[PDB]
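First comes one chain, alone, set out as C-alpha coordinates in the form deposited in one PDB entry.
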(Lines give C-alpha, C1' and ligand atoms only; values in the text may rest on other atoms or scores of the structure.)
Protein backbone atom coordinates (compact mmCIF):
# COMPACT_ATOMS: atom_id res chain seq x y z
CA UNK A 1 0.00 0.00 0.00
CA UNK A 2 2.58 2.54 -1.12
CA UNK A 3 1.26 4.51 -4.09
CA UNK A 4 2.87 6.63 -6.76
CA UNK A 5 2.69 10.06 -8.31
CA UNK A 6 5.08 12.74 -9.51
CA UNK A 7 6.00 15.98 -7.74
CA UNK A 8 7.72 18.91 -9.38
CA UNK A 9 8.93 22.06 -7.66
CA UNK A 10 8.95 25.17 -9.84
CA UNK A 11 10.62 28.34 -8.65
CA UNK A 12 9.03 31.11 -10.68
CA UNK A 13 10.82 34.18 -11.97
CA UNK A 14 9.10 37.49 -11.05
CA UNK A 15 11.06 39.15 -13.89
CA UNK A 16 9.18 36.98 -16.41
CA UNK A 17 5.88 38.41 -17.59
CA UNK A 18 4.56 34.92 -18.27
CA UNK A 19 5.35 33.98 -14.66
CA UNK A 20 3.68 37.13 -13.33
CA UNK A 21 0.65 36.40 -15.53
CA UNK A 22 0.33 32.90 -14.10
CA UNK A 23 0.96 33.90 -10.49
CA UNK A 24 -1.83 36.48 -10.72
CA UNK A 25 -4.24 34.30 -12.69
CA UNK A 26 -4.66 30.66 -11.57
CA UNK A 27 -6.55 29.91 -14.76
CA UNK A 28 -3.57 31.03 -16.88
CA UNK A 29 -1.34 28.97 -14.56
CA UNK A 30 -3.58 25.99 -15.39
CA UNK A 31 -3.00 26.65 -19.07
CA UNK A 32 0.77 26.80 -18.65
CA UNK A 33 1.14 23.73 -16.43
CA UNK A 34 -1.18 21.59 -18.52
CA UNK A 35 1.32 21.66 -21.41
CA UNK A 36 3.77 19.55 -19.35
CA UNK A 37 1.36 16.60 -19.37
CA UNK A 38 -0.69 17.51 -22.44
CA UNK A 39 -0.92 14.05 -24.00
CA UNK A 40 -1.66 12.28 -20.71
CA UNK A 41 -4.54 14.71 -20.08
CA UNK A 42 -5.97 14.08 -23.53
CA UNK A 43 -5.69 10.31 -23.01
CA UNK A 44 -7.67 10.70 -19.77
CA UNK A 45 -4.80 9.44 -17.61
CA UNK A 46 -4.03 12.63 -15.74
CA UNK A 47 -5.15 14.83 -12.88
CA UNK A 48 -2.74 17.74 -12.53
CA UNK A 49 -2.85 19.51 -9.19
CA UNK A 50 -0.75 22.40 -7.99
CA UNK A 51 -0.32 24.86 -5.16
CA UNK A 52 1.33 28.25 -5.10
CA UNK A 53 3.16 27.90 -1.78
CA UNK A 54 2.80 30.54 0.91
CA UNK A 55 5.96 32.64 1.07
CA UNK A 56 7.29 33.42 4.52
CA UNK A 57 10.06 35.73 3.36
CA UNK A 58 11.30 37.65 0.34
CA UNK A 59 12.10 34.41 -1.51
CA UNK A 60 10.87 33.76 -5.07
CA UNK A 61 7.39 32.25 -5.58
CA UNK A 62 7.35 28.46 -5.37
CA UNK A 63 4.79 26.33 -7.18
CA UNK A 64 4.40 22.66 -6.28
CA UNK A 65 2.97 20.55 -9.07
CA UNK A 66 1.67 17.02 -8.66
CA UNK A 67 0.96 14.83 -11.66
CA UNK A 68 -0.11 11.20 -12.09
CA UNK A 69 2.15 10.84 -15.09
CA UNK A 70 5.71 11.95 -15.74
CA UNK A 71 5.76 15.66 -16.67
CA UNK A 72 7.82 17.24 -19.42
CA UNK A 73 8.85 20.75 -18.36
CA UNK A 74 10.69 21.51 -21.61
CA UNK A 75 7.45 23.34 -22.49
CA UNK A 76 8.23 26.20 -20.11
CA UNK A 77 9.43 29.48 -21.62
CA UNK A 78 13.09 30.32 -21.12
CA UNK A 79 13.46 32.18 -17.84
CA UNK A 80 9.94 31.36 -16.62
CA UNK A 81 11.10 29.19 -13.72
CA UNK A 82 13.92 27.14 -12.31
CA UNK A 83 12.69 23.58 -12.55
CA UNK A 84 13.61 20.87 -10.05
CA UNK A 85 13.59 17.42 -11.63
CA UNK A 86 10.19 15.77 -11.33
CA UNK A 87 10.49 13.05 -8.70
CA UNK A 88 8.40 9.91 -8.16
CA UNK A 89 6.71 10.16 -4.79
CA UNK A 90 5.69 7.03 -2.90
CA UNK A 91 3.63 8.23 0.03
CA UNK A 92 3.98 6.15 3.15
CA UNK A 93 0.41 5.86 4.42
CA UNK A 94 -0.54 3.45 7.18
CA UNK A 95 -3.39 3.45 9.71
CA UNK A 96 -2.79 5.75 12.66
CA UNK A 97 0.12 7.62 11.08
CA UNK A 98 0.14 11.29 12.05
CA UNK A 99 1.19 13.75 9.37
CA UNK A 100 1.47 17.48 8.91
CA UNK A 101 -0.53 18.80 5.99
CA UNK A 102 -1.06 21.85 3.82
CA UNK A 103 -4.12 22.30 1.61
CA UNK A 104 -5.40 25.33 -0.24
CA UNK A 105 -9.02 24.47 -0.97
CA UNK A 106 -12.50 25.78 -1.83
CA UNK A 107 -14.81 25.10 1.09
CA UNK A 108 -18.14 25.58 -0.61
CA UNK A 109 -21.78 24.52 -0.74
CA UNK A 110 -24.19 24.32 -3.64
CA UNK A 111 -27.18 26.38 -2.54
CA UNK A 112 -30.50 24.58 -2.72
CA UNK A 113 -32.14 27.94 -3.45
CA UNK A 114 -30.00 29.03 -6.42
CA UNK A 115 -28.30 25.87 -7.65
CA UNK A 116 -25.00 27.70 -7.47
CA UNK A 117 -21.80 26.96 -5.60
CA UNK A 118 -20.98 29.58 -2.95
CA UNK A 119 -18.30 29.85 -0.26
CA UNK A 120 -19.02 28.71 3.26
CA UNK A 121 -18.98 31.95 5.25
CA UNK A 122 -17.45 31.35 8.68
CA UNK A 123 -14.16 29.82 9.90
CA UNK A 124 -16.13 27.20 11.84
CA UNK A 125 -17.85 26.03 8.66
CA UNK A 126 -14.60 26.01 6.69
CA UNK A 127 -13.03 23.81 9.36
CA UNK A 128 -16.06 21.51 9.44
CA UNK A 129 -15.87 21.19 5.65
CA UNK A 130 -12.23 20.14 5.94
CA UNK A 131 -13.02 17.63 8.68
CA UNK A 132 -15.76 16.13 6.52
CA UNK A 133 -13.72 15.96 3.33
CA UNK A 134 -10.67 14.53 5.08
CA UNK A 135 -12.72 11.82 6.78
CA UNK A 136 -14.52 10.85 3.59
CA UNK A 137 -11.10 10.71 1.95
CA UNK A 138 -9.58 8.23 4.41
CA UNK A 139 -7.76 10.69 6.65
CA UNK A 140 -8.93 12.44 9.79
CA UNK A 141 -8.17 15.90 11.12
CA UNK A 142 -6.53 15.64 14.55
CA UNK A 143 -8.41 17.12 17.45
CA UNK A 144 -6.31 18.19 20.37
CA UNK A 145 -7.10 20.14 23.51
CA UNK A 146 -7.77 23.64 22.17
CA UNK A 147 -9.63 22.17 19.18
CA UNK A 148 -8.87 20.79 15.73
CA UNK A 149 -5.22 20.80 14.78
CA UNK A 150 -5.69 23.22 11.92
CA UNK A 151 -5.08 26.88 11.17
CA UNK A 152 -6.52 28.97 8.38
CA UNK A 153 -3.52 30.97 7.20
CA UNK A 154 -5.19 32.61 4.19
CA UNK A 155 -8.79 33.13 3.08
CA UNK A 156 -9.29 35.06 -0.15
CA UNK A 157 -11.98 35.50 -2.79
CA UNK A 158 -10.48 34.96 -6.24
CA UNK A 159 -11.96 36.71 -9.26
CA UNK A 160 -10.11 35.45 -12.28
CA UNK A 161 -10.59 36.28 -15.94
CA UNK A 162 -11.07 33.15 -17.98
CA UNK A 163 -10.68 32.87 -21.71
CA UNK A 164 -10.37 29.87 -24.02
CA UNK A 165 -9.48 30.10 -27.70
CA UNK A 166 -12.67 30.01 -29.77
CA UNK A 167 -14.64 31.68 -26.98
CA UNK A 168 -16.04 35.10 -27.84
CA UNK A 169 -16.64 36.31 -24.29
CA UNK A 170 -14.21 35.72 -21.45
CA UNK A 171 -16.02 34.54 -18.32
CA UNK A 172 -15.16 35.42 -14.75
CA UNK A 173 -14.23 32.53 -12.45
CA UNK A 174 -15.01 33.39 -8.84
CA UNK A 175 -13.86 31.03 -6.10
CA UNK A 176 -13.01 31.29 -2.42
CA UNK A 177 -9.49 30.03 -1.70
CA UNK A 178 -8.72 28.96 1.86
CA UNK A 179 -5.21 27.90 2.94
CA UNK A 180 -5.27 25.24 5.66
CA UNK A 181 -2.29 23.89 7.61
CA UNK A 182 -2.42 21.38 10.42
CA UNK A 183 -2.08 17.80 11.51
CA UNK A 184 -4.08 14.77 10.45
CA UNK A 185 -3.97 10.99 10.74
CA UNK A 186 -4.23 8.27 8.13
CA UNK A 187 -7.28 6.05 8.57
CA UNK A 188 -7.60 4.04 5.34
CA UNK A 189 -4.34 3.95 3.33
CA UNK A 190 -6.01 3.09 0.00
CA UNK A 191 -8.69 5.78 0.21
CA UNK A 192 -6.09 8.20 1.62
CA UNK A 193 -3.82 7.59 -1.38
CA UNK A 194 -6.74 8.20 -3.75
CA UNK A 195 -7.36 11.50 -1.96
CA UNK A 196 -3.75 12.63 -2.39
CA UNK A 197 -3.90 11.67 -6.08
CA UNK A 198 -7.33 13.09 -6.90
CA UNK A 199 -7.36 16.21 -4.72
CA UNK A 200 -9.88 17.70 -2.30
CA UNK A 201 -12.81 19.94 -3.27
CA UNK A 202 -13.62 22.22 -6.19
CA UNK A 203 -11.30 24.41 -8.18
CA UNK A 204 -8.66 21.78 -8.90
CA UNK A 205 -7.83 23.47 -12.22
CA UNK A 206 -7.19 26.69 -10.28
CA UNK A 207 -4.49 25.58 -7.85
CA UNK A 208 -6.86 24.35 -5.16
CA UNK A 209 -7.34 20.86 -3.79
CA UNK A 210 -3.76 19.59 -3.57
CA UNK A 211 -3.49 17.85 -0.22
CA UNK A 212 0.22 17.71 0.70
CA UNK A 213 1.29 15.55 3.63
CA UNK A 214 4.55 14.84 5.38
CA UNK A 215 5.80 13.48 8.69
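Shifts are known only where both forms have a C-alpha. By rigid core we mean the largest C-alpha set that fits within 1.5 Å across both forms. Positions refer to the first chain, counted from 1.
The form deposited in another entry is left out here; the points below concern that form.
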- Query: Fit the core first: which of 43, 190, 167, 70 then shifts its CA by 2 Å or more between the shown form and the other one?
  - Reply: 167
- Task: Tell me, please, whether between the shown form and the other one the C-alpha of residue 181 is shifted by 2 Å or more, with the rigid core used for superposition.
- Result: no
- Message: residue 54: after superposing the rigid core, is there a C-alpha shift of 2 Å or more between the shown form and the other one?
- Response: yes
- in that other deposited form the CA atoms of residue 138 and residue 54, compared with here and shifted by at least 3 Å, lie farther
- Query: Looking in that other deposited form, are the Cα atoms of residue 167 and residue 42 closer together or farther apart than here, the change being 3 Å or more?
  - Reply: farther
- Query: Can you list, in sequence order, the runs of 3 or more consecutive shared residues with C-alpha shifts of 2 Å or more between the shown form and the other one on the rigid core?
  - Reply: 53 to 57, 163 to 169
